[PDB]
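Below is one structure, written out as structure tokens; the observations come after it.
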Amino acid sequence: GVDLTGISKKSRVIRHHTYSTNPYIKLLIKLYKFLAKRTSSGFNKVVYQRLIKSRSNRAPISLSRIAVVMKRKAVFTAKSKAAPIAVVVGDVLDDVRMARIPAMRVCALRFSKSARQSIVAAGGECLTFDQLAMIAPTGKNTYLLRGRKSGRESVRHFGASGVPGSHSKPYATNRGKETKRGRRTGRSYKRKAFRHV
Amino acid sequence: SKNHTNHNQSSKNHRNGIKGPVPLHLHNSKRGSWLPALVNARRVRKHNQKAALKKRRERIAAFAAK
Amino acid sequence: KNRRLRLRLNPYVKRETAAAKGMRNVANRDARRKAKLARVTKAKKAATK
RNA sequence: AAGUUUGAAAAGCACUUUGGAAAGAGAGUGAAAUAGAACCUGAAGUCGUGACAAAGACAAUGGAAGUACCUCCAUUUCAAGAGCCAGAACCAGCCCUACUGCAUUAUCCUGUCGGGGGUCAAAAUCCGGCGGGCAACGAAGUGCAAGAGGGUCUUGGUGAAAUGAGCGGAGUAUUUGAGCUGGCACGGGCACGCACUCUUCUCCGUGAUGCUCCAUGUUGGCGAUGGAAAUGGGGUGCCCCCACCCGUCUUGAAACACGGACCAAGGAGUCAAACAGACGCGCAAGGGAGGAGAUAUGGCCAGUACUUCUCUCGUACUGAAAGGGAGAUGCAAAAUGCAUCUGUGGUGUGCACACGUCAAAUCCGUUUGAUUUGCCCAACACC
RNA sequence: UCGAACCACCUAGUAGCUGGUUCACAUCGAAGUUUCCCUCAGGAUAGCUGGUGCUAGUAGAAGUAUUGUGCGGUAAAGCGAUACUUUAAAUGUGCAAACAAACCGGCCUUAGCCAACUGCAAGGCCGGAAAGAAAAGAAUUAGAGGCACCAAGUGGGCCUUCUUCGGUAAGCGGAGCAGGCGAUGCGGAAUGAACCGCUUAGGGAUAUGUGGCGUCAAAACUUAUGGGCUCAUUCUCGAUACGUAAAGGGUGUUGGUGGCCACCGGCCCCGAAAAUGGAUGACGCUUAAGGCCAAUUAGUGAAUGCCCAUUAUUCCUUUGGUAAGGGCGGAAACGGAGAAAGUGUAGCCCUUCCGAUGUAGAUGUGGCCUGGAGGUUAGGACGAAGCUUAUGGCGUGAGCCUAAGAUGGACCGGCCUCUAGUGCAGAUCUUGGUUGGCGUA
RNA sequence: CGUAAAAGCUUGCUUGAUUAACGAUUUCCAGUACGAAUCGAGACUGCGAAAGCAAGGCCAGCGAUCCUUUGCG
Ligand SMILES: [Mg+2]
Ligand SMILES: [Mg+2]
Ligand SMILES: [Mg+2]
Ligand SMILES: [Mg+2]
Ligand SMILES: [Mg+2]
Ligand SMILES: [Mg+2]
Ligand SMILES: [Mg+2]
Ligand SMILES: [Mg+2]
Ligand SMILES: [Mg+2]
Ligand SMILES: [Mg+2]
Ligand SMILES: [Mg+2]
Ligand SMILES: [Mg+2]
Ligand SMILES: [Mg+2]
Ligand SMILES: [Mg+2]
Ligand SMILES: [Mg+2]
Ligand SMILES: [Mg+2]
Ligand SMILES: [Mg+2]
Ligand SMILES: [Mg+2]
Ligand code: NA
Ligand code: NA
Ligand code: NA
């Protein structure tokens, strides 16, 4: 035999195929698997990898965030070049906290109705990945973006709330119930707010 | 009835290895340090942030010029 | 063992084989051993003086 | 407990013959009597009978590999045929046995002189002087070694692209060693390190407009349509070898540890409600009811289609409570300051894209990696 | 029916305790230990395990060395008593060894230190250098770092090596370090959970390990052109470790030291006494088939006498990957056919490399099977379901399909979705029927 | 264990055995609490000419929820 102690611990868990039932998602996966295999661009490979992820791992993005990052990229651009196309593998939602935006071209899997209205009324354009593959088949002059995951209630609940240094929320339906011994100094003790490392 | 031994414990501890310590440059908080030096360092950092904002504005203006 | 594989990996092996057959030739061995013994004993006798 | 479920219809077995009778043997009805009255189908287990196979005591059962006999099974071949079974040849590969030199010998080999030894006398074993040296046909059993005949029922094939020192074309030379030859190194001269005659065969060639699979020799035996031949499967016996009784608790079961006669049918993670994570689907700063109504609508129709204004979860938290309640930049220092509003509060690490460089390969126009600078998405760390 | 009658009901009372728990293959794979508990036949908690991933694929790596630099009071040594201690190992153990780091010079800021700052402390900005770590034995890697979420089983252990504490001792109790069995076969030690060798997809060939080569029993058909030693009469010479006899004697025989003596060896013999008949495994063996040493066909002249594994090398086939490459615009014409942009199939097709055992436990499967619903597509009086089998064929398997009935007489198969009172060998299981004992008592 | 112009003895003055903005840490350890302990920032002080030293007697000497009771604004 061969001494291979603990070699199964080096294998990694990765997804090869989609669990989605959407035929249009399947068509997009077919196109971008072809492109990622037959082209050298890194854009196509990243896009193909992201199309296979689960819904929870494709977080939605905000129109205001798109505008802010595009402006920060634009202030250092030669002003003789066109602005890049914003590309998000996910959903784009509208933001009522920001009224005035510039005109941009955004490619996405799905748009909110109000977000599509805002982009078009600002003079911009909404795009599908099938049009993007015709316009920029290697991903030249693009800005690939991701949405935010921290901030979710499920993430804010992770871990034990009773150990020192932790600020996770407990699972409780009655907000006034767990507010006593263990959380106040006047009771037996209080869970410490800070711990080094 | 009350048995004690350490017989299999090192073998258990080495399956997922003894992990090394976190590098010195991460989680380098100053909370609990000697107070006067901390108070001075905070003022220096505030001035440094102001300087960083001014430098970015100057760079943007220079690029716009040329 | 293989003739084709060996020659493919080392194109020079035929010359080595030629030298080997030459050194295994009987007359060459006899002359070489006889002459070599004279060359050594004579040189040792001269150098020790 | 117990379906009366014979059959379409009682057409529910006249008559003869044996028997005390029950019944039997014939005859008859019916499509059917192996549908004959508790009568559709009619399993398993157990038992009778006929034929056959064997077989000591080796408990029986079981595994593997053959053979004898059988086979209501399958499939393939019968004439120019490659089907089945043999034998030999050749090619590729692999595996075995063939064919072999260089260094080192000195505590050694050899001749004399003297000693010492011993014999019936002289030789040798042994020691010390100095003269030579190779124990050199298998001399060392010392160190390191390079040099086509036999198998493939251990593989694939018979040239349907044979890449070969091995198949082809062209000549006779090429250059490997061994001897012997003319600055620096090596030692106190060079045993022949570094640089500039013998001994062997050399150079050239077949891309895939073939992505994949399968189809190609020679000589006999058997098979000419049958109660055929052959291969495979199935059955039973035999021989050699191997082989403790299942389930369970237990550190430990073949156990003198518990349950275990046979068969049929039944027999054990379910439904509801609250919460959470992962995955699928719709919409998104919003999402969604429920109850109820309205009209298509008055077996289809307990479904499907439509609906307000409400309710609920969320967009804001914090304090025991009275209560209060979150942008950025610049000026400034007001215990409710002032001005602008295309905007990441800052710093470190950090996809893709853009701008240049470097290295590697390439009908060579481009790839594959590394790296500088800009902006850095997600995210983490410190403020 | 009485140390509290009988009948029905609450009641399927509760049980940390005993018994049971129904198909296949594939990828992985434990623990008997920590802390708390009216806690010791139970839990919760961490660890060990599976699944799911996230992230910029060589990164912040290591049960191992080297070099530099720290820690230590055990073994040994010595002298309180008549083991405490100056000294002090081996085996250990902490840190470092150039890419968010460190070195060399501008400058900004601080309501930090100092009598003061052109010094010191801290945070930054602008520049330089960079054998990217030489030479001196001057590392190596079947060397991709980090970060989460959800959850199972387990919480009775036992054996051995080297240390040991209690005990007269124990197949006894308690501990330290490591390896095992439990959860595991296979090849050896005649036999044995734990010893020796080796660790496992389905098969060939070659060669080995431990152990062997008189027969049983493969191998020296009792090898050698090797040397010594040994004779043993009712359990008896002896002869495979782990594993089940002492003092003292002996002219039995073989040798060694010092002076025919005294002492020390090697084999053998007394010392050596139990309960069914019996054990180098049996027979037997003595120019051994015993015990110590040494060979490989033998002073000839040159690396391997022989035999046996689920190991090693190699060849064929399967299956799965943290897998690695290539082809897929029908070239044209007319030996055969095919050629799907693809998780999973009768796998879209080729080529290549590596792994494959496993209790409790996790997960996967265009994985198998049963009753009913929505669709679709078929069959049946020229014979549906059910039943029978030396009926073959297919599949690793759960199973599927055909044949024959000298069986039956009216219903029913495939495929995609939906749904559940959905798979039995065992529970002193339930109900029905059989059965040996038995033509016996 | 440690300590010699002391950490022992005598003596003078004292109350740091107070308060200490929910600072950080060690031991047990699940890296929870309790008990004990270490390094601190602020107030008010003691002793000393000064630098300094001192928030008990180094290291064992102690205790949740609910209820009772006192202080504080
Ligand atoms: Mg019947
Ligand atoms: Mg058992
Ligand atoms: Mg909220
Ligand atoms: Mg009575
Ligand atoms: Mg019950
Ligand atoms: Mg009961
Ligand atoms: Mg049980
Ligand atoms: Mg495994
Ligand atoms: Mg029990
Ligand atoms: Mg067990
Ligand atoms: Mg074993
Ligand atoms: Mg034999
Ligand atoms: Mg494969
Ligand atoms: Mg397995
Ligand atoms: Mg059931
Ligand atoms: Mg049954
Ligand atoms: Mg103070
Ligand atoms: Mg009270
Ligand atoms: Na938020
Ligand atoms: Na024996
Ligand atoms: Na049912």
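So you know, we letter chains A, B, ... as the sequences are listed, proteins then strands, and number each from 1.
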Which nucleotide sits closest to the side chain of [X]: [options]?
X      : options                   : result
B/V44  : E/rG60, E/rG123, D/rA352  : E/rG123
A/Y19  : D/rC279, E/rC54, D/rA285  : D/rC279
A/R110 : D/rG282, E/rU33, D/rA284  : D/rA284
C/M23  : D/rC351, D/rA178, E/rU110 : D/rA178
A/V46  : E/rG63, D/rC351, D/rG280  : D/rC351

Whichever of A/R50 and B/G17 has the more 5' nearest nucleotide on RNA chain E, that residue is A/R50
Per nearest nucleotide of RNA chain E, the residue lying toward the 5' end, A/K26 or A/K10, is A/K10
To the nearest Å, how far apart are [X] [atom1] and [N] [atom2]?
X      : N       : atom1 : atom2 : value
A/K9   : E/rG63  : NZ    : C1'   : 15 Å
A/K45  : D/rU367 : NZ    : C1'   : 12 Å
B/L24  : E/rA100 : CG    : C1'   : 12 Å
A/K79  : D/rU342 : NZ    : P     : 21 Å
A/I101 : D/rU342 : CD1   : P     : 12 Å

Using only side-chain N and O atoms of [X], determine if any of them is under 4.0 Å from OP1 or OP2 of [N].
X      : N       : answer
A/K140 : D/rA354 : yes
C/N28  : D/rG101 : no
A/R65  : D/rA378 : yes
B/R42  : E/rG112 : no
B/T5   : E/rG176 : yes
B/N16  : E/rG47  : no
C/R33  : D/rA136 : no

Sign check on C1'-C2'-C3'-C4' at E/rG386 (positive = north, negative = south) puts the sugar north
Reading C1'-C2'-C3'-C4' for E/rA410 with positive as north and negative as south, the pucker comes back south
Would [N] and [M] qualify as a Watson-Crick or G-U pair, given that each of the two distances needs to be less than 3.5 Å?
N       : M       : answer
D/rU158 : D/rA79  : no
D/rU318 : D/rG323 : yes
D/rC353 : D/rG374 : yes
D/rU315 : D/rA243 : no
E/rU191 : E/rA142 : no
E/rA340 : E/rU160 : no
F/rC53  : F/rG46  : yes
D/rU307 : D/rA292 : yes
E/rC353 : E/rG321 : yes
F/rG23  : F/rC58  : no

_Side-chain (A/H196) to main-chain (B/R31) donor-acceptor, under 3.5 angstrom_ = yes
**Asked** A/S20 side chain to A/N22 main-chain N or O, any donor-acceptor pair under 3.5 Å?
**Response** yes
Nucleotides 185-187 of chain D: which of its N/O atoms have a protein N/O under 3.5 Å away?
none

Tell me whether A/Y48 is reachable from A/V87 by hopping between hydrophobic residues (I, L, V, M, F, W, Y) whose side-chain heavy atoms are closer than 4.5 Å. yes
Tell whether [X] reaches the base of [N] with its side chain through a donor-acceptor pair below 3.5 angstrom.
X      : N       : value
A/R12  : E/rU55  : yes
C/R15  : D/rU200 : no
A/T77  : D/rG374 : no
A/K190 : F/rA64  : no
B/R57  : D/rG330 : no

Contacts satisfying salt bridge (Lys or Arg N to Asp or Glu O under 4.0 Å) that involve residues 102-128 of chain A (not counting sequence neighbours) are A/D91-A/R110
So the ring-ring contact (aromatic ring centres under 6.0 Å, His included) pairs with at least one residue in residues 131-171 of chain A (sequence neighbours excluded) are A/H157-A/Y171
Per-pair distances, 0.1 Å, donor-acceptor, side chain in residues 29-45 of chain A, under 3.5 Å, sequence neighbours excluded:
residue : atom : partner : partner atom : Å
A/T39   : OG1  : A/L35   : O            : 3.4
A/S41   : OG   : A/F43   : N            : 3.4
A/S41   : OG   : A/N44   : N            : 3.0
A/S41   : OG   : A/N44   : ND2          : 3.3
A/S41   : OG   : A/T138  : O            : 3.1
A/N44   : ND2  : A/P137  : O            : 3.4
A/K45   : NZ   : A/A36   : O            : 3.3
A/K45   : NZ   : A/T39   : O            : 3.2

Show which side-chain atoms of residues 2-9 of chain C pair as donor or acceptor with protein atoms under 3.5 Å away, not counting sequence neighbours.
residue : atom : partner : partner atom : Å
C/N2    : OD1  : C/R4    : N            : 2.8
C/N2    : OD1  : C/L5    : N            : 3.2

What nitrogen or oxygen pairs link the protein and nucleotides 166-168 of chain D at under 3.5 Å?
residue : atom : partner : partner atom : Å
D/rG166 : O6   : C/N2    : OD1          : 3.4
D/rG166 : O6   : C/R4    : N            : 3.4

D/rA253|D/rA254 base stack, centroid gap <5.5 Å, plane angle <30°:
no
Rounding to an integer number of angstrom, what distance separates [N] and [M] when you compare their [atom1] atoms?
N       : M       : atom1 : answer
E/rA288 : E/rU223 : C1'   : 15 Å
D/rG56  : E/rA356 : P     : 48 Å
D/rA60  : E/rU208 : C1'   : 42 Å

Does [N] pair with anything, Watson-Crick or G-U wobble, both distances under 3.5 Å, and if so, with which nucleotide?
N       : answer
E/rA148 : E/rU52
D/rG330 : D/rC338
D/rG288 : D/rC311

* Asked: Is B/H25 stacked on the base of E/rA100, meaning ring centres closer than 5.5 Å and planes within 30 degrees of each other?
  -> no
(Q) Using the six-membered base ring of E/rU343, report whether A/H16 stacks on it, requiring centroids under 5.5 Å and planes under 30° apart. (A) no
Residue pair B/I18, B/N13: steps toward the side-chain contact (heavy atoms from CB on, under 4.5 Å) verdict = CA-CA 7 Å; B/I18 321 277; B/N13 281 334; 4.2 Å; yes
Per nearest nucleotide of RNA chain D, the residue lying toward the 5' end, A/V69 or A/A103, is A/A103
